[PDB]
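Input: a single structure, listed below in structure tokens.
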Amino acid sequence: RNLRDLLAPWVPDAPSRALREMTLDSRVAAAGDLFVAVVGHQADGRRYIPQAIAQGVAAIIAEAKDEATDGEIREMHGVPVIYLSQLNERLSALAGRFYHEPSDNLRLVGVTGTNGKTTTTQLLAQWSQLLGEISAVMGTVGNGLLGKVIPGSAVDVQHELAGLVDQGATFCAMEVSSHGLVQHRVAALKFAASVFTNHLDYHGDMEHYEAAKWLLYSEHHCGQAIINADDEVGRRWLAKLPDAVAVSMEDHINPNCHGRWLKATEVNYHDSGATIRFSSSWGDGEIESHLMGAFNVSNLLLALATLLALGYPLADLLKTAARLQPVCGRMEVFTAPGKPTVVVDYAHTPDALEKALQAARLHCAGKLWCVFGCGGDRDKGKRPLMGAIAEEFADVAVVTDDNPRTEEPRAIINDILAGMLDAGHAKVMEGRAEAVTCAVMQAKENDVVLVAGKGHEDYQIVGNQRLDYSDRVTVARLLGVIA
């Protein structure tokens with residue numbers, strides 16, 4: 001890596017100097033490094049230039065704002081210092097060139113929106129890998145090849161993607177935060193596809209918000225646009241994007257305009273997942289999904305439309321659909337012959353618990369059971385709100401412990417019960433393992449038991465002890481299966 005080569009597109013006069021790593025932080029700036037001095041949230045990296053020089057950096061690129069002309073080449077203690085205008089905007093392109101353009105050496109799919117980003121990126125990564133890609137994810141639960149996801153500036157993004165390119169990745173599904181896009185953290189990435197999953201009442205604010213977002217997207221390499229037409233903003237944007245794919249399970253495909261599309265024609269929500277019949281511009285089909293709830297049908301259809309748009313054959317996608325797995329502890333289904341369906345979900349807030357019960361109800365011909373508690377030595381305000389949700393959206397509420405820590409366990413349970421119209425209806429069982437057993441052994445064959453609050457977590461905090469305990473293991477053992 002060479003300062004001269006790195007800067008050729010922007011500064012033709014740049015000195016030839018070997019470069020090791022690229023860093024924004026003067027503290028880690030080692031001998032041979034490139035130090036990038038940017039102006040951020042009241043923080044001015046140019047303050048740290050002499051300290052970086054003193055640690056033996058090979059060269060510095062720095063904001064020109066107030067200090068120099070764009071492409072002005074200076075030299076301090078024999079260290080080249082090159083100044084660039086609007087460096088925050090160009091950091092992605094600069095790091096891209098530094099790391100040999102990693103988004104041009106694999107198929108990068110970006111997923112944006114408030115929800116379904118984790119699940120949709122996981123589905124894209126799993127499905128593409130089943131079709132023979134070596135697949136990776138970058139998002140909220142961390143970066144890596146599938147099954148090896150280790151838990152962030154424009155430089156970090158390009159560096160991480162290059163790391164995945166080096167480990168052999170040929171496909172990467174990336175969560176793009178609303179916050180990342182606006183701060184230019186993905187400004188130079190070549191997206192093969194951009195997936196849109198899903199305080200704006202005054203119509204000037206919707207107009208500004210849209211204008212701000214449309215400007216950003218016009219500046220990115222978005223590749224194929226795949227948009228949820230079940231979202232009202234999704235629809236407006238599809239009207240303006242004649243090449244975008246429309247995806248719907250709520251009858252919002254308008255075939256007069258929308259050129260390419262995919263819609264769920266009917267969904268049977270059953271005791272072990274969802275049977276999805278669909279029509280698309282690529283042809284028709286039926287998918288056996290092992291994911292639970294209406295939102296996971298949407299997420300799966302977005303991943304499908306995206307992979308069809310990129311040229312993956314419909315017959316190969318249909319033949320692998322049944323191998324798609326839940327994100328561990330996210331509406332994760334456990335079934336066994338002649339036993340109640342059991343779902344483990346991490347829902348530990350009033351809103352998450354309501355969504356997970358509504359999701360669970362679709363699959364439930366009999367009674368819906370909710371086994372849950374609330375953390376001790378934490379905010380107590382959600383307790384009566386989670387009681388009232390469980391009483392309303394479930395048929396049987398089984399209230400138990402969930403990380404009581406040092407707090408009197410029955411105290412927490414009382415606060416939960418206080419939120420209910422009829423606390424006497426609720427079952428209380430202390431010992432979470434025993435409360436899960438209660439629900440699972442008493443539930444009928446066509447009942448569903450939702451076990452809420454822990455998801456993937458493999459500990460119960462009682463006092464200051466992290467006891468070995470897993471909802472998933474307890475359920476799997478009661479059902480006579482393997483977690």
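The chains in the structure tokens are called A, B, ... from first to last as shown; in each chain the residues are counted from 1, and the ligands are counted from 1 in the order shown.
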Next item on the list: Could you pull out the residues in region 213-371 of chain A that DSSP calls strand (DSSP E or B) from the backbone, as a PyMOL selection string?
Entry: chain A and resi 221+224-228+245-248+260-270+273-280+285-289+332-334+341-345+368-371
Give me a file of those residues, with C-alpha atoms, as a PDB file, in the first residue's frame.
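Output (result_21.pdb):
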```
ATOM      1  CA  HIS A 221     -24.166   2.448  -5.653  1.00  0.00           C
ATOM      2  CA  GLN A 224     -30.918  -3.696  -7.535  1.00  0.00           C
ATOM      3  CA  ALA A 225     -33.558  -2.109  -5.236  1.00  0.00           C
ATOM      4  CA  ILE A 226     -35.915  -4.606  -3.476  1.00  0.00           C
ATOM      5  CA  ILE A 227     -38.697  -2.781  -1.552  1.00  0.00           C
ATOM      6  CA  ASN A 228     -41.483  -3.953   0.793  1.00  0.00           C
ATOM      7  CA  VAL A 245     -38.731  -5.155  -7.265  1.00  0.00           C
ATOM      8  CA  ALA A 246     -42.031  -4.816  -5.303  1.00  0.00           C
ATOM      9  CA  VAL A 247     -42.617  -7.414  -2.487  1.00  0.00           C
ATOM     10  CA  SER A 248     -46.011  -7.822  -0.695  1.00  0.00           C
ATOM     11  CA  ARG A 260     -40.859  -6.943 -11.305  1.00  0.00           C
ATOM     12  CA  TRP A 261     -42.688  -8.309  -8.225  1.00  0.00           C
ATOM     13  CA  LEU A 262     -43.264 -11.159  -5.751  1.00  0.00           C
ATOM     14  CA  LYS A 263     -46.394 -11.564  -3.552  1.00  0.00           C
ATOM     15  CA  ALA A 264     -47.608 -14.170  -1.042  1.00  0.00           C
ATOM     16  CA  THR A 265     -50.986 -15.318  -2.474  1.00  0.00           C
ATOM     17  CA  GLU A 266     -51.758 -17.437   0.630  1.00  0.00           C
ATOM     18  CA  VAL A 267     -50.013 -18.328   3.912  1.00  0.00           C
ATOM     19  CA  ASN A 268     -50.961 -21.286   6.122  1.00  0.00           C
ATOM     20  CA  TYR A 269     -49.472 -20.585   9.616  1.00  0.00           C
ATOM     21  CA  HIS A 270     -49.147 -24.115  11.144  1.00  0.00           C
ATOM     22  CA  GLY A 273     -43.792 -22.879  10.536  1.00  0.00           C
ATOM     23  CA  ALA A 274     -45.567 -21.343   7.513  1.00  0.00           C
ATOM     24  CA  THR A 275     -46.568 -22.647   4.064  1.00  0.00           C
ATOM     25  CA  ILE A 276     -46.148 -19.663   1.676  1.00  0.00           C
ATOM     26  CA  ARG A 277     -47.777 -19.855  -1.794  1.00  0.00           C
ATOM     27  CA  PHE A 278     -46.451 -17.024  -4.012  1.00  0.00           C
ATOM     28  CA  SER A 279     -46.515 -15.616  -7.568  1.00  0.00           C
ATOM     29  CA  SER A 280     -43.593 -13.591  -9.043  1.00  0.00           C
ATOM     30  CA  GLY A 285     -44.063 -21.641  -6.058  1.00  0.00           C
ATOM     31  CA  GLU A 286     -44.726 -22.859  -2.522  1.00  0.00           C
ATOM     32  CA  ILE A 287     -42.152 -22.485   0.340  1.00  0.00           C
ATOM     33  CA  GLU A 288     -42.137 -24.450   3.640  1.00  0.00           C
ATOM     34  CA  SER A 289     -40.636 -21.869   6.051  1.00  0.00           C
ATOM     35  CA  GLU A 332     -37.392 -20.096  17.506  1.00  0.00           C
ATOM     36  CA  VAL A 333     -39.797 -23.112  17.132  1.00  0.00           C
ATOM     37  CA  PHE A 334     -39.386 -26.448  19.002  1.00  0.00           C
ATOM     38  CA  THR A 341     -45.500 -26.325  19.804  1.00  0.00           C
ATOM     39  CA  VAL A 342     -42.991 -24.321  21.928  1.00  0.00           C
ATOM     40  CA  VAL A 343     -41.419 -20.987  20.805  1.00  0.00           C
ATOM     41  CA  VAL A 344     -38.382 -19.440  22.530  1.00  0.00           C
ATOM     42  CA  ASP A 345     -38.116 -15.648  22.005  1.00  0.00           C
ATOM     43  CA  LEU A 368     -51.595 -19.774  23.719  1.00  0.00           C
ATOM     44  CA  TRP A 369     -49.396 -20.112  26.902  1.00  0.00           C
ATOM     45  CA  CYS A 370     -46.922 -17.288  27.837  1.00  0.00           C
ATOM     46  CA  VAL A 371     -44.078 -18.196  30.307  1.00  0.00           C
TER      47      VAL A 371
END
```
Notebook entry, point to check: If you count only C-alpha atoms, which residues fall within 7 Å of region 425-440 of chain A, apart from same-chain ones fewer than 3 positions away, as a PyMOL selection string?
Noted result: chain A and resi 340+369+371+396-401+422+443+449+474
Those same residues, written as a PDB file, in the first residue's frame with C-alpha atoms?
```pdb
ATOM      1  CA  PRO A 340     -47.491 -28.708  22.071  1.00  0.00           C
ATOM      2  CA  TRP A 369     -49.396 -20.112  26.902  1.00  0.00           C
ATOM      3  CA  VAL A 371     -44.078 -18.196  30.307  1.00  0.00           C
ATOM      4  CA  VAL A 396     -52.661 -18.790  29.963  1.00  0.00           C
ATOM      5  CA  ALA A 397     -50.068 -16.448  31.592  1.00  0.00           C
ATOM      6  CA  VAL A 398     -47.410 -18.428  33.605  1.00  0.00           C
ATOM      7  CA  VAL A 399     -45.367 -15.823  35.603  1.00  0.00           C
ATOM      8  CA  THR A 400     -41.925 -16.867  36.828  1.00  0.00           C
ATOM      9  CA  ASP A 401     -38.344 -15.642  37.422  1.00  0.00           C
ATOM     10  CA  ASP A 422     -57.540 -10.585  37.000  1.00  0.00           C
ATOM     11  CA  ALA A 443     -50.344 -27.634  27.286  1.00  0.00           C
ATOM     12  CA  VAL A 449     -46.270 -22.195  24.584  1.00  0.00           C
ATOM     13  CA  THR A 474     -35.046 -27.104  28.948  1.00  0.00           C
TER      14      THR A 474
END
```
Next item on the list: Per DSSP on the backbone, filter region 32-153 of chain A down to the residues in alpha helix (DSSP H) and report them as a ChimeraX atom specification.
Entry: /A:49-54,87-98,117-130
Using N, CA and C atoms, can you export the residues from the last selection as a JSON list (two decimals), in the first residue's frame?
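File produced: again23.json:
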```json
[["chain", "number", "residue", "atom", "x", "y", "z"],
["A", 49, "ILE", "N", -2.07, 15.53, 15.38],
["A", 49, "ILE", "CA", -1.08, 15.29, 14.28],
["A", 49, "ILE", "C", 0.34, 15.16, 14.84],
["A", 50, "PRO", "N", 0.82, 16.07, 15.73],
["A", 50, "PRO", "CA", 2.20, 16.00, 16.23],
["A", 50, "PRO", "C", 2.48, 14.71, 17.03],
["A", 51, "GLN", "N", 1.50, 14.26, 17.83],
["A", 51, "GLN", "CA", 1.55, 13.01, 18.64],
["A", 51, "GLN", "C", 1.63, 11.78, 17.73],
["A", 52, "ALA", "N", 0.83, 11.76, 16.65],
["A", 52, "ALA", "CA", 0.84, 10.72, 15.61],
["A", 52, "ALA", "C", 2.21, 10.67, 14.94],
["A", 53, "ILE", "N", 2.71, 11.81, 14.47],
["A", 53, "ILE", "CA", 4.09, 11.97, 13.92],
["A", 53, "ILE", "C", 5.10, 11.37, 14.91],
["A", 54, "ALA", "N", 4.96, 11.65, 16.22],
["A", 54, "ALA", "CA", 5.91, 11.24, 17.28],
["A", 54, "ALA", "C", 5.87, 9.71, 17.47],
["A", 87, "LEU", "N", -13.51, 15.54, 4.08],
["A", 87, "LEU", "CA", -12.84, 14.24, 4.33],
["A", 87, "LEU", "C", -13.84, 13.21, 4.89],
["A", 88, "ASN", "N", -14.83, 13.63, 5.70],
["A", 88, "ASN", "CA", -15.83, 12.68, 6.28],
["A", 88, "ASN", "C", -16.58, 12.00, 5.14],
["A", 89, "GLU", "N", -16.81, 12.71, 4.02],
["A", 89, "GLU", "CA", -17.61, 12.25, 2.86],
["A", 89, "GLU", "C", -16.78, 11.27, 2.02],
["A", 90, "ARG", "N", -15.45, 11.38, 2.05],
["A", 90, "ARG", "CA", -14.53, 10.67, 1.13],
["A", 90, "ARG", "C", -13.85, 9.51, 1.87],
["A", 91, "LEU", "N", -14.02, 9.44, 3.18],
["A", 91, "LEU", "CA", -13.37, 8.42, 4.02],
["A", 91, "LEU", "C", -13.69, 7.04, 3.45],
["A", 92, "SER", "N", -14.96, 6.76, 3.14],
["A", 92, "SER", "CA", -15.36, 5.43, 2.60],
["A", 92, "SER", "C", -14.60, 5.13, 1.30],
["A", 93, "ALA", "N", -14.56, 6.08, 0.36],
["A", 93, "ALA", "CA", -13.84, 5.89, -0.92],
["A", 93, "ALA", "C", -12.34, 5.66, -0.63],
["A", 94, "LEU", "N", -11.79, 6.40, 0.32],
["A", 94, "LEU", "CA", -10.33, 6.39, 0.62],
["A", 94, "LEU", "C", -9.97, 5.02, 1.22],
["A", 95, "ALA", "N", -10.77, 4.57, 2.19],
["A", 95, "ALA", "CA", -10.60, 3.26, 2.86],
["A", 95, "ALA", "C", -10.87, 2.14, 1.85],
["A", 96, "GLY", "N", -11.90, 2.28, 1.01],
["A", 96, "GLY", "CA", -12.17, 1.37, -0.13],
["A", 96, "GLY", "C", -10.93, 1.14, -0.98],
["A", 97, "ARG", "N", -10.29, 2.22, -1.44],
["A", 97, "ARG", "CA", -9.08, 2.11, -2.28],
["A", 97, "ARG", "C", -7.95, 1.46, -1.47],
["A", 98, "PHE", "N", -7.77, 1.87, -0.22],
["A", 98, "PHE", "CA", -6.73, 1.34, 0.71],
["A", 98, "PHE", "C", -6.89, -0.18, 0.83],
["A", 117, "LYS", "N", -34.06, -6.29, 9.83],
["A", 117, "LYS", "CA", -32.72, -6.17, 9.20],
["A", 117, "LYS", "C", -31.88, -7.38, 9.60],
["A", 118, "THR", "N", -31.91, -7.79, 10.87],
["A", 118, "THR", "CA", -31.03, -8.90, 11.33],
["A", 118, "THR", "C", -31.48, -10.17, 10.62],
["A", 119, "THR", "N", -32.77, -10.46, 10.71],
["A", 119, "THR", "CA", -33.38, -11.69, 10.15],
["A", 119, "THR", "C", -33.17, -11.72, 8.63],
["A", 120, "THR", "N", -33.51, -10.64, 7.94],
["A", 120, "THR", "CA", -33.39, -10.57, 6.45],
["A", 120, "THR", "C", -31.91, -10.80, 6.05],
["A", 121, "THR", "N", -30.93, -10.18, 6.70],
["A", 121, "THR", "CA", -29.49, -10.39, 6.37],
["A", 121, "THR", "C", -29.10, -11.84, 6.66],
["A", 122, "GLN", "N", -29.57, -12.42, 7.76],
["A", 122, "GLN", "CA", -29.29, -13.84, 8.10],
["A", 122, "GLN", "C", -29.86, -14.78, 7.03],
["A", 123, "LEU", "N", -31.11, -14.55, 6.61],
["A", 123, "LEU", "CA", -31.75, -15.35, 5.54],
["A", 123, "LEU", "C", -30.93, -15.20, 4.25],
["A", 124, "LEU", "N", -30.54, -13.98, 3.88],
["A", 124, "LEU", "CA", -29.80, -13.75, 2.60],
["A", 124, "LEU", "C", -28.48, -14.54, 2.66],
["A", 125, "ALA", "N", -27.77, -14.44, 3.77],
["A", 125, "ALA", "CA", -26.48, -15.12, 3.99],
["A", 125, "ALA", "C", -26.68, -16.65, 3.98],
["A", 126, "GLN", "N", -27.69, -17.19, 4.66],
["A", 126, "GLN", "CA", -27.95, -18.67, 4.71],
["A", 126, "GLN", "C", -28.32, -19.20, 3.32],
["A", 127, "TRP", "N", -29.26, -18.52, 2.65],
["A", 127, "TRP", "CA", -29.85, -19.00, 1.38],
["A", 127, "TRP", "C", -28.77, -19.00, 0.28],
["A", 128, "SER", "N", -28.05, -17.89, 0.14],
["A", 128, "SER", "CA", -26.94, -17.77, -0.82],
["A", 128, "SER", "C", -25.90, -18.86, -0.51],
["A", 129, "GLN", "N", -25.62, -19.17, 0.76],
["A", 129, "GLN", "CA", -24.61, -20.22, 1.11],
["A", 129, "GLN", "C", -25.13, -21.60, 0.71],
["A", 130, "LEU", "N", -26.42, -21.87, 0.91],
["A", 130, "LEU", "CA", -27.06, -23.14, 0.45],
["A", 130, "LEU", "C", -26.96, -23.27, -1.07]]
```
Note to self: List as a PyMOL selection string the protein and nucleic acid residues near residue 339 (chain A), meaning an atom at most 9 Å away when only C-alpha atoms are counted, but skip any in the same chain fewer than 6 places from it.
What the structure shows: chain A and resi 440-441+443-447+479
Can you pull out every residue within 10 Å of region 149-161 of chain A, counting only C-alpha atoms, but drop anything in the same chain fewer than 6 positions away, and send it as a compact mmCIF listing (two decimals) with C-alpha atoms, in the first residue's frame?
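Dumped to part.txt:
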```txt
# COMPACT_ATOMS: atom_id res chain seq x y z
CA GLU A 21 -2.69 0.08 8.39
CA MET A 22 -5.15 3.01 8.11
CA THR A 23 -6.48 4.45 11.43
CA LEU A 24 -8.60 7.41 12.72
CA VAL A 36 -6.53 10.11 9.09
CA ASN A 88 -15.83 12.68 6.28
CA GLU A 89 -17.61 12.25 2.86
CA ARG A 90 -14.53 10.67 1.13
CA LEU A 91 -13.37 8.42 4.02
CA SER A 92 -15.36 5.43 2.60
CA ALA A 93 -13.84 5.89 -0.92
CA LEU A 94 -10.33 6.39 0.62
CA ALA A 95 -10.60 3.26 2.86
CA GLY A 96 -12.17 1.37 -0.13
CA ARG A 97 -9.08 2.11 -2.28
CA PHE A 98 -6.73 1.34 0.71
CA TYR A 99 -8.36 -2.14 1.25
CA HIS A 100 -8.43 -3.08 -2.53
CA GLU A 101 -12.17 -2.37 -3.05
CA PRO A 102 -13.57 -5.38 -1.11
CA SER A 103 -17.21 -4.74 -2.30
CA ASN A 105 -14.56 -8.83 -4.84
CA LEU A 106 -17.82 -10.24 -3.38
CA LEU A 108 -22.64 -7.24 -1.16
CA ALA A 136 -20.92 -13.65 5.75
CA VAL A 137 -22.98 -11.03 7.65
CA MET A 138 -22.14 -7.59 8.98
CA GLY A 139 -24.69 -6.26 11.52
CA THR A 140 -25.95 -5.75 15.09
CA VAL A 141 -25.00 -9.30 16.42
CA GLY A 142 -21.49 -8.87 14.82
CA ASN A 143 -19.40 -9.66 11.67
CA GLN A 167 -11.34 -15.43 4.75
CA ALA A 169 -16.35 -14.79 1.57
CA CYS A 172 -22.01 -10.53 2.38
CA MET A 174 -24.96 -6.10 5.62
CA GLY A 180 -24.55 4.75 9.23
CA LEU A 181 -25.95 5.91 5.81
CA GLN A 183 -22.68 9.65 8.38
CA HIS A 184 -21.28 8.37 5.00
CA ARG A 185 -20.10 5.03 6.58
CA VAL A 186 -21.14 3.07 3.41
CA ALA A 187 -20.78 5.90 0.84
CA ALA A 188 -18.27 4.06 -1.50
CA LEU A 189 -19.51 0.41 -1.18
```
Next item on the list: Have a look at A:468, A:205, A:25, A:392 and name the one nearest to residue 55 (chain A); count only C-alpha atoms.
Entry: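 Once distances to residue 55 (chain A) are computed over only C-alpha atoms, the minimum belongs to A:25.
Distances to residue 232 (chain A) were evaluated for A:199, A:179, A:220, A:252 using only C-alpha atoms, and the minimum falls at A:252.
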